[PDB]
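Visitor: here is my input, please return the structure:
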Amino acid sequence: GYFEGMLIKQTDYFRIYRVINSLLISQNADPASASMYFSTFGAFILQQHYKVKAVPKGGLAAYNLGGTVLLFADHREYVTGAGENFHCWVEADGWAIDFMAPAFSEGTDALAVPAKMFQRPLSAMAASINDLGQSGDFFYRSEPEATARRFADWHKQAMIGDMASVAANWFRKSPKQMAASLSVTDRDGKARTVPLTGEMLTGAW
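Guide: Numbering: from 1, shown residues only. Please find the structure below.
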């Protein structure tokens, strides 16, 4: 209670999630693509506002969330997802941060996954997908070749960099007072209003 020990305050983590979610929502992205935006835009915001090296990574990811294991992998003969089960996260200043975590309720049906922050030391990582016995446990296997290929066409898409710029400029550290909505201009020169999405967000894994 006497210092900020985590890389980012919980409330600011939620600000980041809210900003990225607000920019993405119109895109109706699949889970894998969504994680790519949460991880790259999150990393960019961390670089720009917190002055830490923050690196998006992807591959196989698994979490114990309140007793249920969420597994971003394909089952075969588990392996790294060849499709929509691929998942990205951020590694920054030793911290594992998954800015997508509040969105884990979607697509999990019976698992009834709550929306909470995921920000934990990488040094706390479990040994495997079979070592996830406690809520908040996580396991990652980076697949750098797969990650590189997944992102291969992103540099050709000017809109993505434009959205990242908007994200970094929308985010402010608490308590400074963020715009409720922004006017965003596309490459055609046309502007649209993008509002902050409106979920109430509490809790940490």
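Visitor: which elements pack onto the host helix or strand of residue 167?
Guide: Element membership of residue 167 [criterion: DSSP states H and E] is helix 158-170. Contacts defined by 3 or more C-beta pairs under 8 Å, 6 or more residues apart in numbering; DSSP states H and E place helix 158-170 against helix 10-24, helix 31-50, strand 181-185. (C-beta placed from N, C-alpha, C; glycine too.)
Visitor: what's the spacing between the longest one and its chain's center?
Guide: This means helix 31-50. 6 Å (C-alpha atoms, centre = their mean, to the nearest Å).
Visitor: so which bits of the helix or strand just after it are buried?
Guide: Following helix 31-50 in sequence order, the next helix or strand is strand 54-65 (DSSP H and E). For strand 54-65, a neighbour-count test (16 or more other C-beta atoms under 10 Å) marks 54, 56, 57, 58, 59, 60, 61, 62, 63, 64, 65 as buried.
Visitor: go on, stretch 101-114?
Guide: Buried residues in stretch 101-114 (16+ other C-beta under 10 Å): 101, 102, 103, 104, 105, 113.
Visitor: check the gap between the spatially closest residue to residue 43 that is not a sequence neighbour and residue 94 for me.
Guide: Nearest residue to residue 43 in three dimensions, chain neighbours excluded: residue 54, at 4.0 Å (C-beta to C-beta, 6 or more residues apart in numbering). Residue 54 is 11 Å from residue 94, where distance means C-beta to C-beta, to the nearest Å.
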